[PDB]
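With the entry's author numbering applied, the sequence shown corresponds to residues 30 to 95, 103 to 271, 274 to 400, 403 to 412, in that order.
Using N, Cα and C, we set each Cβ at its ideal position, and we do this for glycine too.
Inspection log for the structure reproduced underneath, given as structure tokens.
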Amino acid sequence: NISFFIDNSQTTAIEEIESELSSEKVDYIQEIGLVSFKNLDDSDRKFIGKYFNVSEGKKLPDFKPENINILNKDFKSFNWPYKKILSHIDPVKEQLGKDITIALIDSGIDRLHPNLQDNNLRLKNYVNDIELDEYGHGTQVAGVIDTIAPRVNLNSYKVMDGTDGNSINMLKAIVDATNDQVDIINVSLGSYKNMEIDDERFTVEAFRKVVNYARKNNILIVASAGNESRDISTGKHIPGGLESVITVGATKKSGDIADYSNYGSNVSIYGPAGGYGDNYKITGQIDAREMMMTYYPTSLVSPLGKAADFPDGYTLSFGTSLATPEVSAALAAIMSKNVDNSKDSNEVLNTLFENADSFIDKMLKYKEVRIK
């Protein structure tokens, strides 16, 4: 792709280009003055070239993923992350998340999952006409949300088929979710690559603009810190780690930062999201008890879920992608309790941090999400 920022003085140029080129070659985001072109031929480049300098176009990066009651004691080996953050709260009794809408910008969601029939699911697909959650990631994220804040509404923004997506679709989905009036945007996806530095400056600015657009509309964005076991504050991971993003790392069952989790001063908060266990680095084996139970598409087979004797629709997983929705659900719980005593997003955000508990990693001090 080649991407440009378009000034308000140049909007007629984009109109003329959109009229000339096939719609599937042009993605224009009015709200942030961004256009991105793909699959161009020589004729298309020549036409664009009479308004912009094609050689100055920047490349936006690709990104990657980062009745049964999970809270039942049948799953005590695997539901430990939820018990840690909920303590004794019964999310169903408290109707947590009622009338709050979370955008899941992810791989889609299994609309047939038996536990996702009460979330007023709304689906949008940016990539194809396949209505499935093709590889299961968005459904895993939705399961974390639904376990903690079961009464939320879910808007799914499917921005990837398989495991590699184009960031233009993530940017579009953030703006579309804002325009859809969601309350919280969850992004359990990220890019972190030795980008060419000018492409990276461009991409960081594009994300600053979409994040600011959401925040100005009083919407909080929660994003994964990533799973590279890196300090993302030493120079960019995108969007987790950027200004104005609530960036979520993962802790493992011992309470320490998980072996894969990114960390650093631009990671806002952590949530328990499990992992393979301490013996994995030695034997290559996964300790299922160190993993986290969540949903999985009924259209797929989970090997660890089957080995744990789960019904279809459930898996054992890990990742900052699972800690992120714990925070989105925490925010939704704060918001659902403030219907008649309205708090704005700034105050909700500060409440999230006040409610978190501090921990020391095996040696800095960090915050871990708690539901109240």
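- Message: Looking at the secondary structure, which residues open and close the beta strand (DSSP E) in which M330 lies?
- Response: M330 to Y333
- Query: According to the Cβ coordinates, are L159 and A178 closer than 8 Å?
  - Reply: no
- Task: Any chance you could list the beta strand (DSSP E) runs of at least 3 consecutive residues sitting entirely within the stretch 309–388, in chain order?
- Result: 330–333 and 352–355
- Quick one: complete beta strand (DSSP E) runs, 3+ long, within the stretch 209–251? 220–223
- Task: Determine the extent of the beta strand (DSSP E) in which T289 is found, giving its start and end residues.
- Result: First-last of the beta strand (DSSP E) with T289: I284 to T289.
- Measure the CB-CB distance between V195 and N205 and report whether it falls below 8 Å. yes
- Item | Given 8 Å, three or more beta-carbon pairs between the stretch 70–81 and the stretch 251–260 | no
- Under three-state DSSP, which class holds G201? strand
- Please classify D234: is it buried, with 16 or more other beta-carbons within 10 angstroms of its beta-carbon, or exposed? exposed
- Pair within 8 Å by beta-carbon distance, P90 and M231: The answer is yes: Cβ separation under 8 Å.
- Grouping DSSP H, G and I as helix and E and B as strand, with all else coil, what is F114? coil
- Message: Would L280 and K93 be called neighbours here (beta carbons separated by less than 8 Å)?
- Response: Against a cut-off of 8 Å, the Cβ pair of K93 and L280 comes out as no contact.
- Task: Name the two residues that bound the continuous beta strand (DSSP E) containing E408.
- Result: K405 to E408
- Return helix, strand or coil for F76, following the three-state DSSP convention. helix
- Message: Using CA atoms only, rank isn't needed, just tell me which of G293, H275 and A139 is closest to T285.
- Response: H275
- Message: With H, G and I counted as helix, E and B as strand and the rest as coil, what does DSSP make of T270?
- Response: The three-state reading of DSSP puts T270 in coil, since its state is none of H, G, I, E or B.
- Query: Can the beta-carbon of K120 be found less than 8 Å from the beta-carbon of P310?
  - Reply: yes
- For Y193, which residues of its own chain have a beta-carbon under 8 Å away from its beta-carbon, when the five flanking residues on both sides are left out? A139, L140, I141, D142, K160, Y162, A209, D212 and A213
- Item | Whole-number beta carbon distance between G312 and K290, since they are thought to touch under 8 Å | 6 Å
- Message: Less than 8 Å between the beta carbons of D197 and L152, yes or no?
- Response: no
- Query: Does DSSP put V180 in a helix, in a strand, or in coil?
  - Reply: Of the three classes helix, strand and coil, the one that applies to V180 here is helix, per DSSP.
- Pairwise C-alpha distance: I295 and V339: A straight-line Cα-Cα distance of about 29 Å links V339 and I295.
- Task: Name the two residues that bound the continuous alpha helix (DSSP H) containing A261.
- Result: Per DSSP, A261 belongs to no alpha helix (DSSP H) and is neither H nor E.
- With C-beta atoms as the reference, is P127 less than 8 Å away from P186? yes
- Can you round the beta-carbon distance between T336 and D350 to whole angstroms, since I take them to be within the 8 Å contact cut? Correct: roughly 5 Å between the Cβ atoms.
- Query: Which first and last residues belong to the beta strand (DSSP E) in which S65 is found?
  - Reply: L63 to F66
- Message: Spatial neighbours of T389 within its chain, please: C-beta separation below 6 Å, excluding the five flanking residues on both sides.
- Response: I372
- When burial is assigned at 16 or more other CB atoms within 10 Å of the CB, is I43 buried or exposed? buried
- Could you pull out every residue in the same chain whose Cβ sits closer than 7 Å to the Cβ of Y334, ignoring the five residues on either side in sequence? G172, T175, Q176, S340, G343, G351, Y352 and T353
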